[PDB]
Amino acid sequence: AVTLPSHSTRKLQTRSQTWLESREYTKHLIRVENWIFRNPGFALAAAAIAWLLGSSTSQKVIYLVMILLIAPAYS
Amino acid sequence: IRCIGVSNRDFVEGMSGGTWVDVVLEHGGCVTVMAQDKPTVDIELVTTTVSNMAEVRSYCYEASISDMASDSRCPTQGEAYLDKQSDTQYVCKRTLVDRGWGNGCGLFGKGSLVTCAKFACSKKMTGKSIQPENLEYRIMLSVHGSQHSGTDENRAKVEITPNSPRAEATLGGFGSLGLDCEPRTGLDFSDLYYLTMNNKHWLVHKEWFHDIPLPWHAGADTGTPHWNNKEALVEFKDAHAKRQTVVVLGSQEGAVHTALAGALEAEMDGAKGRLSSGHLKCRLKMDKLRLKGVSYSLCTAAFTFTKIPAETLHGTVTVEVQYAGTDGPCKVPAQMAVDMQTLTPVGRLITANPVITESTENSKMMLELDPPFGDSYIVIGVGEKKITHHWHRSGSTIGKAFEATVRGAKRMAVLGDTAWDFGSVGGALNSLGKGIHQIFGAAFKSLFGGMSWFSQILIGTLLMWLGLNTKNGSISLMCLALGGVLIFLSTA
Amino acid sequence: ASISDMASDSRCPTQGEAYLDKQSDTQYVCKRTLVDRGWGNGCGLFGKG
Amino acid sequence: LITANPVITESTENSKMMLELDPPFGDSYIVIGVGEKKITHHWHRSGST
Amino acid sequence: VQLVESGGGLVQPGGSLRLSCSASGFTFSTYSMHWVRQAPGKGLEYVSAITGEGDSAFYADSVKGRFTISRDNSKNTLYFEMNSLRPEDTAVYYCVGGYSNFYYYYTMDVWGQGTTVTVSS
Amino acid sequence: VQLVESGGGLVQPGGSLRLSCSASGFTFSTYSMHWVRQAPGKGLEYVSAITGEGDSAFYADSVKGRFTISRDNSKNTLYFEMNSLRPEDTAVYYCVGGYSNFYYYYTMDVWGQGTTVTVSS
Amino acid sequence: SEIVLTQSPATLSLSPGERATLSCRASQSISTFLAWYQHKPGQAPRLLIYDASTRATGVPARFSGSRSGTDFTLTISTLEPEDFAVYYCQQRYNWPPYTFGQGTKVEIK
Amino acid sequence: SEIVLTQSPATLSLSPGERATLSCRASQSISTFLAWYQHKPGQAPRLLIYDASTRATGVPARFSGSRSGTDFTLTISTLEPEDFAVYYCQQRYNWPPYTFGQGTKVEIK
């Protein structure tokens with residue numbers, strides 16, 4: 001169906017390589033970079049929303065990063 | 001022998017006066033065990049076979065649909081009912097349709113429409129259960145000594161199952177290596193199903209072979225199958241009022257392949273499944289090992305390098321010598337020396353006592369040895385006919401200790417608490433470390449350990465910032481977790 | 001309501017799940033549960049069937 | 001060892017007996033026999049005290 | 001402890017028959033009962049079973065649908081009402097009984113003498 | 001431990017042929033297999049090879065493109081399907097086998113008796 | 001599907017006094033739940049062994065049973081004249097689909 | 001390109017009992033991976049020596065092999081009548097491209 005949970009959550013740890021070990025890092029980074037590249041204006045929206053939240057600068061930057069991660073996944 | 005070129009081998013040296021040594025065997029590499037006055041033995045785990053698995057809950061990844069039908073009702077009557085709703089081989093969906101006075105029923109409200117379609121699954125996947133019993137390991141061991149670089153008294157094969165975890169490998173003339181092993185606790189085969197799709201078999205974790213949204217039977221395939229889900233792989237798309245349509249989603253075998261990640265491949269022969277990635281812990285009771293060569297008179301004819309000098313990946317040096325003048329079963333004089341003026345033996349010779357066994361005319365033998373870090377000479381032969389070779393080793397002991405710590409860190413990252421048992425003659429410091437590591441590992445695996453590479457790199461950077469600028473006493477705590485988390489990424 | 005010929009099926013503590021072929025019939029009510037099994041009942045293992 | 005003491009009472013050729021026992025939590029070996037013929041089994045228990 | 005079987009006879013294809021098996025010498029309610037048939041020139045075939053209390057019944061695929069097993073614990077009698085008989089059902093039928101505390105499992109059993117059922121056209 | 005070869009015979013130029021090699025007395029899957037041919041009045045020519053598991057195959061330039069080596073470890077049979085034959089392929093073909101732990105390497109081998117393949121003219 | 005039992009030789013021709021050995025092979029793992037029955041023409045089948053090694057009540061000691069994985073063995077040390085009959089193995093694993101083997105006949109040689 | 005092996009004597013004629021020497025030269029460095037085969041007409045080629053100095057199973061001790069750089073030598077001390085055949089060297093280096101020498105025939109002069 002649609003969900004099909006990922007097995008990387010329960011990754012079997014051993015000396016040998018797993019089923020698709022080469023693709024994990026590039027996989028997630030590619031999805032995020034592609035979605036951001038297609039929809040640029042949401043960067044401005046996320047900057048504004050993160051600026052409204054959080055007192056210190058570090059808090060606002062962390063909010064910005066978390067928004068830009070959670071939006072492309074539509075999580 | 002048999003571990004020279006493995007490039008993932010480690011040397012287990014020393015023991016409690018020749019009693020025994022604990023050792024963990026892994027599928028990737030092998031262990032060369034060298035004692036005080038006993039022949040060096042190379043031990044490797046080869047294959048793990050699982051036997052008589054029990055089928056559990058086979059899914060469908062490719063549906064096929066069949067003769068649709070439908071029924072509609074008066075905007076004001078009951079609900080539509082096909083007689084094919086009383087059959088567990090049809091998927092049926094009920095909705096509301098715009099109806100009236102044009103279609104045939106005088107009234108104008110929404111009607112009720114039912115559509116049914118016959119389901120058939122072609123080539124569905126199947127998982128099977130693995131008990132930690134009826135699981136067999138096959139360990140191959142060999143000895144150094146007389147074998148040239150190329151019933152044979154020097155190699156043995158040991159089968160270990162939970163029903164017989166202890167075995168003795170009889171190496172003729174060398175005695176016998178006693179070997180007590182722990183087959184159950186190896187890789188935790190109480191959460192892993194064996195999964196097949198089409199002649200491709202994997203090891204899969206339970207809780208991933210139960211949270212799959214696909215039509216699933218359950219166990220006994222007897223007659224006309226019965227698929228429990230019945231709705232996911234069929235999409236009832238409906239145009240408002242006018243039409244109802246049933247389609248099937250397609251073939252799903254690529255969405256499962258990408259859902260599988262971090263799951264181990266396996267291969268099946270007949271009813272048994274061979275895994276090639278595992279983990280085993282055997283205690284080696286090497287107190288019935290002897291040295292064949294002693295009491296021989298050392299060979300004095302001549303020696304010629306046949307294969308000259310070869311360096312392994314770990315620093316050791318393999319030498320293949322040819323002996324010219326037949327003496328008989330006969331000892332080979334060999335050493336590492338600097339300052340050829342005074343042949344003072346330096347370095348360590350990791351081969352027991354090289355002995356040539358043949359007596360025909362010219363014999364071949366392969367030894368290896370661990371030379372010092374500086375320049376040195378491999379000196380083979382007795383007198384005035386000693387062949388010397390010049391050998392140079394790269395890195396000072398500091399780099400060796402650093403690489404040893406890196407190996408230990410990787411072994412821990414792979415094995416968990418079990419890593420504390422690798423060279424574990426066994427004390428109180430070792431046991432205390434193992435206990436506290438067990439506790440911390442349980443905590444960490446219960447808190448984190450539902451995360452993947454990218455996720456834990458993220459939470460590691462986050463807690464790094466947190467522990468960096470928190471300014472309280474918990475900073476160290478935060479910082480500690482980060483090493484763990486980050487180390488788990490930079491060792492894969 | 002009125003009831004009729006019951007039937008049942010059990011499995012090992014570590015096998016799949018029970019399946020009566022009368023579960024593919026829309027005239028039978030069927031219920032699935034866990035039962036204590038082992039070594040007296042007929043399969044060597046002791047968990048819940 | 002839960003069973004009190006395990007004694008074989010039937011001696012014709014081969015006898016069967018069943019005992020049970022309460023093992024420690026770590027890995028352990030069930031050892032049945034005296035010398036050179038003590039068949040053993042590897043057994044693992046899950047949970048701390 | 002005995003099982004006396006009766007009711008076997010020659011019948012045409014499609015005929016209906018009822019076999020009886022009277023139990024004696026033990027507590028009938030605590031015994032799971034089974035029907036096992038043997039065709040001429042064939043091995044024993046385990047076809048049907050019923051629990052001690054009558055709750056549940058099992059029929060083999062070769063007989064599933066046509067034959068019905070039942071029991072009366074007050075009259076200590078097992079019944080095997082076989083309808084829609086076919087020539088392939090011509091065989092000697094034995095009723096067996098075993099002490100059971102689980103649905104059908106038993107260790108030591110007791111057999112009757114058997115009764116012949118012939119289905120010829 | 002033996003290799004029995006078969007399938008040789010007469011064929012026309014451009015024709016096709018299939019040679020077989022049945023192995024006995026050893027674990028076929030652990031043996032890398034090789035095909036070596038000898039033309040009349042010529043030295044031996046190592047022409048083809050296949051790994052123990054069937055993963056990969058190697059063909060010499062002289063035969064690369066026309067011939068296909070394959071193996072069935074269940075039937076313990078090696079096959080050398082040779083198509084588009086030329087008169088230059090008329091030779092005695094031997095199938096050899098060697099215990100292999102790496103793709104094609106072997107130390108001690110076992111040879112068959114060979115089979116003659118003759119193109120018509 | 002259902003578990004199947006295979007009795008190797010389907011016929012055993014031996015003389016009184018010899019040693020008889022019958023084998024039964026199961027299609028899947030059954031731990032010890034195998035029974036051995038003796039059937040004589042004109043008589044009801046008689047239970048000889050249950051749990052694959054345990055002799056039923058009143059069975060003489062000359063009948064023995066052994067198991068190894070899925071291979072079960074019924075051994076008759078000293079063949080007697082009344083021991084020539086048909087012998088069946090039956091699987092008692094976990095639920096009723098219980099089945100018998102095709103049977104092996106012990107014939108006088 | 002591909003490695004080539006060159007055997008020096010095209011044909012060798014010797015009386016029985018005489019010393020026989022055959023040389024095989026490689027076009028490039030090969031450590032010790034050279035094999036020597038004996039081939040008789042109407043027979044399968046017989047492996048004599050592998051690793052350039054190691055005798056195969058059952059090969060008599062009279063056959064010896066030696067190496068010097070790229071020059072390999074097969075020596076037969078005491079020629080026997082059943083030794084007159086064709087002798088080939090085969091390359092056992094890294095990848096399957098393997099070249100048999102053109103062969104040398106040992107004849108009864």
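Here, the structure is the one placed above.
Cut-offs used in this document
Residues numbered from 1 in each chain as written, not as in the entry; some residues may be left out. Chains lettered and ligands numbered in written order. Part of a larger assembly, values for the part shown. Heavy atoms only, no water. Helix = DSSP H or I, 4+ residues; strand = E, 2+ residues; numbered from the N terminus. Buried < 20%, exposed > 50% of the residue type's maximum accessible area, 1.4 Å probe, protein only. Contact = heavy atoms within 4.5 Å. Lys, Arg positive; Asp, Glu negative; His and termini not counted. Charge placed at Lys NZ, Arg CZ, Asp CG, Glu CD. Pairing = 2+ DSSP bridges. Axes fitted to C-alpha atoms, helices over the stretch in contact; angles between N-to-C directions. Buried area = accessible area lost by both parts, 1.4 Å probe. Polar contact = N/O pair within 3.5 Å; in protein donor to acceptor, adjacent residues only side chain to side chain. Salt bridge = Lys/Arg side-chain N within 4 Å of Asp/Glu carboxyl O. Expected span 1.5 Å × (residues − 1). Arc of directions from axis to C-beta. Core = buried A, V, L, I, M, F, W, Y, C linked by side-chain atoms within 4.5 Å.

Digging into the overall build of chain C
When helices and strands are counted, chain C shows zero helices and zero strands. Expressed as a percentage of its 49 residues, the buried residues of chain C come to 33%. Intrachain contacts of chain C at a sequence separation of at least 6 include 27% that bridge at least 24 residues. Here chain C contributes 6 positively and 6 negatively charged side chains, and the mean placements of these two sets differ by 6 Å.

Things to note about the sheet that holds strand 7 (residues 67–72) of chain E
Residue and element names in this part refer to chain E. Reading across from one edge, 1-3-8-7 is the order of the four strands in this open sheet, with antiparallel pairing throughout. Looking at which strands have only one partner, the edges of the open sheet turn out to be strand 1 (2–6) and strand 7. In this sheet, adjacent strand axes meet at a mean angle of 15° when their direction is disregarded. Relative to strand 8 (residues 77–82), strand 3 (residues 17–24) runs antiparallel, the two sharing six bridges. The residue of strand 8 that forms the bridge with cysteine 21 is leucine 78.

Some words on the interface of chain D and chain B
Taken together, the contacts link eight residues of chain D with 10 residues of chain B. Of the roughly 760 Å² buried where chain D meets chain B, counting both sides, 49% is carbon and sulfur surface. In terms of surface lost to chain B, no three residues of chain D exceed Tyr29, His41 and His42 of chain D, which account for 59% of the buried area on that side. Applying the counting criterion to the chain D and chain B interface returns four residue pairs in polar contact. Residue assignment for the side of chain D that touches chain B shows that the elements contributing at least two residues are strand 1 (27–32) and strand 2 (39–44) of chain D.

So, the interface of chain B and chain A
If you look at the interface, chain B gives 41 residues, while chain A gives 27 residues. Summing both sides of the interface, chain B and chain A together bury roughly 3,200 Å²; the carbon and sulfur share of this comes to 65%. Area buried by chain B at its contact with chain A is led by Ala261, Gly262 and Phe454 of chain B, which between them contribute 16% of it. Between chain B and chain A we count two salt bridges in total. With a shortest N-O distance of 2.4 Å, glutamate 207 of chain B and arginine 10 of chain A are connected by a salt bridge. Connecting chain B to chain A are nine residue pairs in polar contact. Those elements that place two or more of their residues in the side of chain B that touches chain A are strand 16 (201–205), helix 1 (253–259), strand 19 (264–269), helix 2 (397–415) and helix 4 (453–469) of chain B. The leading source of residues in the side of chain B that touches chain A is helix 4 of chain B, at five residues.

Some remarks on the sheet that holds strand 9 (residues 86–91) of chain G
Residue and element names in this part refer to chain G. Spatial strand order, 2-10-9-4-5-6: six strands in an open sheet with mixed pairing. Only two strands of the sheet have a single partner each, and these edge strands are strand 2 (11–14) and strand 6 (54–55). Both strand 4 (residues 34–39) and strand 9 contribute to a ladder of six bridges, which runs antiparallel. Paired with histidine 39 across the two strands is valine 86, which belongs to strand 9.

Some remarks on unusual backbone geometry
Residues and elements named next belong to chain B. Positive phi is not limited to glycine here, since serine 7 has a value of about 65°. Locating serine 7 in the fold gives a position in the segment before strand 1 (10–13). With a relative accessible area of 40%, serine 7 lands in the partly exposed category. Non-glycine residue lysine 123 carries a positive phi angle of around 50°.

What about the pairing of strand 8 (residues 77–82) of chain F?
Strand 8 of chain F sits mainly inside the fold: five of its six residues count as buried. Counted along the chain from strand 7 (residues 67–72) of chain F to the antiparallel partner strand 8 of chain F, the turn is four residues long, and its residue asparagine 76 of chain F has a positive phi close to 50°.

Section: helix 1 (residues 24–38) of chain A
In an α-helix there are 3.6 residues to a turn, and that puts residues three or four apart on one side. Under the 1.5 Å per step criterion, the end-to-end length of helix 1 of chain A is 22 Å for 15 residues, consistent within 8% with the ideal 21 Å. For helix 1 of chain A, the set of buried residues is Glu24, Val32 and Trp35 of chain A. Projected down its long axis, helix 1 of chain A shows its buried positions confined to an angular sector of 70°, all on one face. Helix 1 of chain A presents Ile30, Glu33, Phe37 and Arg38 of chain A as exposed residues on the side facing more than 90 degrees away from its buried surface. Of the surrounding secondary structure, the elements contacted by the buried residues of helix 1 of chain A are helix 2 (41–52) and helix 3 (57–70) of chain A together with helix 4 of chain B.

Side note on the pairing of strand 9 of chain G
Every other side chain in a regular strand lies on the same face of the sheet, so the side chains alternate between the two faces. Residue and element names in this part refer to chain G. With respect to burial, strand 9 is a largely interior element, six of its six residues being buried. Pairing geometry for strand 9 and strand 10 (residues 104–108), over two bridges, is antiparallel. Paired with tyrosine 87 across the two strands is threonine 104, which belongs to strand 10.

Topic: the nonpolar core
Across soluble globular proteins, nonpolar side chains show a tendency to be buried alongside one another. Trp35 and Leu78 of chain E are the most contacted members of the largest nonpolar core, which has 78 residues in total. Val23, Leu135, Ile160 and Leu284 of chain B belong to the second-largest nonpolar core, a separate cluster that totals 47 residues.

What to know about the arrangement of the chains
For this structure, the chain pair with the highest number of contacts among 12 pairs of chains in contact is chains A and B. Looking at chain B next to chain E, you find no contact at all, with the nearest C-alpha pair sitting 10 Å apart. The two units chain F and chain G remain apart, with a minimum C-alpha distance of 21 Å.

Examining the side chain of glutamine 38 of chain G
All names here are of chain G. Note on placement: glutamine 38 falls in strand 4. Only 2.7 Å separates the side chain of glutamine 38 from the side chain of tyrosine 87, close enough to count as a polar contact. Dropping the residues within four chain positions of it, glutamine 38 is found in contact with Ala44, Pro45, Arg46, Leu48, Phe63, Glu82, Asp83, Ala85, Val86 and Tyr87.

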